[PDB]
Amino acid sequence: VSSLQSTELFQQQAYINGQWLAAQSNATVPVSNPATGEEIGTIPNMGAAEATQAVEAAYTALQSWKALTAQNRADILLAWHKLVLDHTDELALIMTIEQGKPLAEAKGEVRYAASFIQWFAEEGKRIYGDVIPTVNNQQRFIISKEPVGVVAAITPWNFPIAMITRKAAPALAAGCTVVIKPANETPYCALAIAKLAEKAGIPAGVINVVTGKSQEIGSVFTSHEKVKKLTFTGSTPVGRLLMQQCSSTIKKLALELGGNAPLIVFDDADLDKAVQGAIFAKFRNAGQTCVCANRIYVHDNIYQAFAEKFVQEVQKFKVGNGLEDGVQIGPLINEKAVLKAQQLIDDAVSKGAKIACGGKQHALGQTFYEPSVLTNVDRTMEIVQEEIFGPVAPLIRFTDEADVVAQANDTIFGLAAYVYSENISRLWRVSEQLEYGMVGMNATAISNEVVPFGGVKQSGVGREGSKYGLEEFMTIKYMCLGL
């Protein structure tokens, strides 16, 4: 687009050791706008050779980056933070064009992403060691924290800026250097963040972005001896594989994988509050989010009222290009996601589910899918066991509390959940019984930089943001001082 070429942050080259490079073979692959299908540019189709160069550059830069004081790195990171916020409109324009979400959501993500840079710039000055009461009066126990080393980050496409800073910021603040493999569907967001890193004074090699062959690059990131940690956000099948490859060198892991988030609305809940909350938890980013409400359980006594209000809100949605005014629902990332959504809806309907609205591709074509609502859904339908990653809201009837809790936990995942109830005992009892890493209690806007973000079970390991985020990128050194 001409609107892309007018920004200094639109880069069609990779970023390795402070240089803007093409692949050694000069090959390139195209990037497309999911709302129009047109090609917006190309990126280098790099592979193992270039990925190794990045690791080597990150390792060399590691020695002098960790030697700086915490305040040295904090000042640089804050300059990075300032640049990200000053270029909010331009970063959002890139995101909407290559990823498809509305411009308002893209700007929100930019601010959400920038807050992690500021947060961890401050954490770096506060990663405290310990002094442990000795069991032997001739020894003193002094515990310190040190960076793991070179970090490998593999990021997805649904949040093409926040998933970068959520991994790069804590890594850098910890004294680590990072090599990044971004999704080929949304690479320009990562490269734009790297361009601002250059302007912020982040030395060469501390942050590297390698685009192209995912398997070849990922293979090097998960095997190279100098990569000490792998942080990955994406599907669970890919997570199983990456962790498998990391086994040969015992690499530290940080995984944020799939999520089948249940949203439970009891009959004693604030009905209007639960509806607006469920609307937000379901249709944000067109439902293409790991913490999106994949199952909405509603009690029998309010099922009819809830469904009617819920459908009324869904029918107000404006679907179209993310650059249009007032647009709320963008297109799905690719055709496979459309096919997955149509299958799960067809399966549900074949088992008695009704379509309250939507249920087919949108008139705009491309990968646009109609915002949909299903009623009469039960546990025998595949849409209860699989992630939709689309704007499809299955409303599941229930009555007994012990039964809905069992259904909510009847999944390999355990990322985010949501409970709506004005009864204090029920609210706490259910939140504690839910086997999830995050539980919204009469709230669904749970995302921010100060709370520990992550899941349990097969939703992954580790936490991003919060006081717990920085320790993920550090190791413990126990000094036994003999006096």
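Counting begins at 1, following the sequence as shown.
On average the C-alpha atoms of 370-378 have higher B-factors than those of the other stretch, with 148-156 and 370-378 being the two compared.
Annotation for 206-214 versus 341-349: the higher mean temperature factor (C-alpha) is found in 341-349.
Per the PDB entry, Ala356 shows the highest C-alpha temperature factor of the residues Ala121, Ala356, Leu242, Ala168. Highest C-alpha temperature factor among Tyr128, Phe232, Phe413, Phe310 per the entry: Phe310.
When all modelled residues of the chain are sorted by CA temperature factor, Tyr468 is found within the middle third. Sorting the modelled residues of the chain by their CA temperature factor places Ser32 in the highest third. In this PDB entry, the Cα temperature factor of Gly320 sits in the top third of its chain's modelled residues, the highest group. Annotation for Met474: C-alpha temperature factor in the lowest third relative to the rest of the modelled chain, per the entry.
Ranked by Cα temperature factor within the chain, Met46 sits in the middle third according to the deposited record.
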